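All residue numbers for the sequence shown refer to the authors' numbering, where the first residue is 39 and numbers rise by one.
To start, the structure under review is shown below, and the notes come after it.
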Amino acid sequence: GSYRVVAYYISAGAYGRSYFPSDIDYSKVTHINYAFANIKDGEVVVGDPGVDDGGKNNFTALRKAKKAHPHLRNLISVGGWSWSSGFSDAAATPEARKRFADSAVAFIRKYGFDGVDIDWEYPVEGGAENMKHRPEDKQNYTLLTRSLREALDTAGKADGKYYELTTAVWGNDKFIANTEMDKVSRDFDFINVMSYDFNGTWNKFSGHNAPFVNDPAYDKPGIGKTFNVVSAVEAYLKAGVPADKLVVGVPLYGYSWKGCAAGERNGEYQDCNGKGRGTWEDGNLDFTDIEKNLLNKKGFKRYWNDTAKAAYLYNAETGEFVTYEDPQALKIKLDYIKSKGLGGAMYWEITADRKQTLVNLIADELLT
Ligand SMILES: CC(=O)N[C@@H]1[C@@H](O)[C@H](O[C@@H]2O[C@H](CO)[C@@H](O)[C@H](O)[C@H]2NC(C)=O)[C@@H](CO)O[C@H]1O
Numbered sequence: 039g040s041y042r043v044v045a046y047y048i049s050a051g052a053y054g055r056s057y058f059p060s061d062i063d064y065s066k067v068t069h070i071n072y073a074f075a076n077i078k079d080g081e082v083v084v085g086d087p088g089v090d091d092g093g094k095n096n097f098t099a100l101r102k103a104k105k106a107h108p109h110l111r112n113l114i115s116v117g118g119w120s121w122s123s124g125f126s127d128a129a130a131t132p133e134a135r136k137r138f139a140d141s142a143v144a145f146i147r148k149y150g151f152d153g154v155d156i157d158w159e160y161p162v163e164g165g166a167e168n169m170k171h172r173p174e175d176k177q178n179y180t181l182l183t184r185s186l187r188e189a190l191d192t193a194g195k196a197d198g199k200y201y202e203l204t205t206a207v208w209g210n211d212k213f214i215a216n217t218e219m220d221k222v223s224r225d226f227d228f229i230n231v232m233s234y235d236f237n238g239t240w241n242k243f244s245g246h247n248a249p250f251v252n253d254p255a256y257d258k259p260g261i262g263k264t265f266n267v268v269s270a271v272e273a274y275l276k277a278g279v280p281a282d283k284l285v286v287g288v289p290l291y292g293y294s295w296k297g298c299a300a301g302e303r304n305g306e307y308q309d310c311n312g313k314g315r316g317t318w319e320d321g322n323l324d325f326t327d328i329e330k331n332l333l334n335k336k337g338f339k340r341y342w343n344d345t346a347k348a349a350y351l352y353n354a355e356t357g358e359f360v361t362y363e364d365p366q367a368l369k370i371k372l373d374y375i376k377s378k379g380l381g382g383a384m385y386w387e388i389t390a391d392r393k394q395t396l397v398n399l400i401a402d403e404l405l406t
């Protein structure tokens with residue numbers, strides 16, 4: 039078919055989550071992205087030797103999957119929220135870009151990957167407390183991308199195979215202001231738009247993680263009118279990302295607050311009293327957890343916003359508000375992918391949906 043299904047798998051799966059690459063149903067995807075490799079002294083390096091290339095040996099399991107599933111393509115994701123601090127230096131000079139690019143080729147040859155996903159959060163501005171930036175990141179993102187495309191073509195020619203280069207990009211359109219998406223689009227095989235994390239516990243007020251369209255009822259301070267999927271997709275199309283390369287990100291987790299005022303809206307867009315219940319940490323629920331414990335269950339009632347096209351849960355007793363991806367919202371996004379001729383769907387992350395409620399809907403709409 040025409041459509042990709044790009045599943046992020048987190049290395050931390052192989053700990054408490056007890057979800058290993060062998061637990062993946064590879065028939066439901068086109069691509070696994072392995073989150074993450076780190077950057078040390080300008081080089082792509084193993085993120086966690088305890089489960090990646092040793093110990094639980096996630097990499098051995100992923101190569102075993104490629105042999106059982108010839109369609110499958112596995113990419114190593116470099117960076118992420120926590121490990122993006124090394125990108126600015128790596129992209130800054132031709133020598134750093136070569137050093138970086140050559141280390142990336144070395145990595146995928148050693149560990150049997152089919153290419154590289156650049157998850158740089160984010161060029162010029164934005165990112166974790168430890169993140170590093172310079173103004174030259176705007177041009178340097180283009181130049182590092184070109185170095186990688188060049189290193190990967192050369193290595194592909196040597197090796198008798200094709201290596202993919204992809205990237206994860208911010209749902210915030212500041213990312214477009216701070217890059218040359220028209221230029222890098224010619225070198226990336228496809229672009230995973232992170233069309234989620236629009237609202238979260240960083241706000242003391244509740245909101246939707248991934249609302250489909252702008253809801254003008256939502257007017258809390260500094261929340262942009264473009265903090266929604268359709269706005270993000272149209273922004274990247276206008277910035278010069280070709281429709282066929284634009285992959286729409288979907289979250290398989292939810293965010294929660296506690297002590298949200300009910301107001302007129304059953305806790306939606308209301309002042310709250312910090313993080314709500316979570317699975318592996320406060321304020322972040324696996325879809326598995328929501329589905330089993332919360333979805334019209336234990337005092338949590340499901341509501342639908344027919345403007346934003348998003349569902350939420352509210353517990354009037356505790357004032358706990360959950361934003362999560364309902365099947366009603368995800369069907370609208372899968373229809374929208376087809377109507378716009380987009381590159382398919384991406385999701386963070388595959389361990390978060392053990393019954394495959396969202397995984398199966400995505401697979402059935404885009405692959406069959
Ligand atoms: C619309 C916007 O600017 N949202 C910001 C969020 O993106 C950001 O959350 C981070 O989003 C990344 C995806 O872009 C995730 O990889 C990352 O894990 C996530 N960080 C956290 C702490 O969950 C938040 C966080 O400060 O800020 C918003 O403004």
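By construction, the Cβ of each residue, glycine as well, lies at the ideal position given by its N, Cα and C atoms.
For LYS195 and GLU188, what's the separation of their Cα atoms in angstroms?
11 Å
Mark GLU133 as exposed unless 16 or more other C-beta atoms lie within 10 angstroms of its C-beta, in which case mark it buried.
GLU133 is exposed by the Cβ-count criterion.
On the premise that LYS371 lies in contact with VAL267, defined as a C-beta separation below 8 Å, what is that separation, rounded to the nearest angstrom?
6 Å
The beta strand (DSSP E) with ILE114 in it runs from where to where?
Unbroken beta strand (DSSP E) run through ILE114: 111-117.
What is the chain-ordered set of residues for which the beta carbon lies under 6 Å from any non-hydrogen atom of ligand 1?
Output, sorted by chain position: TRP119, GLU159, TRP208, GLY209, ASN210, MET232, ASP235, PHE236, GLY238, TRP240 and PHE265.
Have a look at the DSSP bridge pairing and note the partners of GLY153.
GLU202
If I measure Cβ to Cβ from residue 407 and keep anything under 6 Å in the same chain, skipping five residues before and after, which residues do I get?
Past the edges of the chain, shown from 39 to 406, lies residue 407, and the structure says nothing about it.
Applying the 10 Å Cβ sphere with the 16-neighbour rule, what's the burial state of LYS170?
exposed
Could you tell me the boundaries of the beta strand (DSSP E) in which residue 409 lies?
The question about residue 409 has no answer, for the chain in this structure spans 39 to 406.
I'd like the list of long-range same chain contacts for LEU182, defined as Cβ closer than 6 Å, with 5 residues on each side in sequence excluded.
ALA129 and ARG135
With DSSP as the reference, label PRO289 as helix, strand or coil.
strand
May I ask you to report which of helix, strand or coil DSSP gives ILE370?
In this structure, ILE370 counts as helix in the three-state DSSP scheme.
Quick check on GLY292: buried or exposed, where buried means 16 or more other Cβ atoms within 10 Å of its Cβ?
buried
Compare the Cα-Cα distances from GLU329 to each of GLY117, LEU290, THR356 and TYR64 and report the closest residue.
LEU290
Are three or more beta carbon pairs between the stretch 201-213 and the stretch 106-123 nearer than 8 Å?
yes
Which of the three DSSP states, helix, strand or coil, is assigned to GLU272?
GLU272 falls in the helix class under three-state DSSP.
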